[PDB]
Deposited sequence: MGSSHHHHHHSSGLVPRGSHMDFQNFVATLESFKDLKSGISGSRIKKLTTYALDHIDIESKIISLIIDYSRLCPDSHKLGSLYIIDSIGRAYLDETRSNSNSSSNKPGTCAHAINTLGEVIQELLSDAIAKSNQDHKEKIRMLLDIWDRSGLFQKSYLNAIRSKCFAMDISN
């Protein structure tokens, strides 16, 4: 699997009605874990996938970020802005996560909003993003 396969796999989410596939998300995460040397390009792509995917697929884009983000987080526990590090990838995600969350919520139906809220809670408990960032979104968008 090379970077073009990663692009193609992410792009294939357009053909899922729900925008969600556990096995495909795992495939993207395994790729992200195996190519941390190019995390900057991977993280840019999944950020931009969340920005550009259809409204009903926003939730799935946050699941992609959940899976890669927490997979990267679990590695950091075993330089904040050195390209090629899990830490930098997570900082990059965190700098855009408020934008991505508030747009996802605005475009989500009620059931997806509740699933986004629980994802917010998971991110709070797991330490993936700053609690301040997350609580801020919780107050403004819900």
property	result
Missing C-alpha runs, given along the deposited sequence, first residue counted as 1	1-20, 99-102, 167-172
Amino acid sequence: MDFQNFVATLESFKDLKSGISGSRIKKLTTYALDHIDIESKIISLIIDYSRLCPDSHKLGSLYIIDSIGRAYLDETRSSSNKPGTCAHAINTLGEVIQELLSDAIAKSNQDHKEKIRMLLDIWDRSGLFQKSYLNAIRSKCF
From here on, numbers count along this sequence of modelled residues.
property	result
Absent coordinates for residue 79 in a third or more of other compared entries	yes
Given 3-11 and 131-139, the range whose Cα B-factors average higher in the PDB entry	131-139
Which of 80-88 and 112-120 has higher mean CA B factor, as the PDB entry lists it	80-88
Given 107, 26, 51, 70, the residue at which the Cα B factor reaches its maximum	107
Out of 56, 61, 44, 30, highest CA B-factor residue	56
Third of the chain, ranked by Cα B-factor, where residue 103 sits	highest
Residue 39 CA temperature factor, ranked by third within the chain	lowest
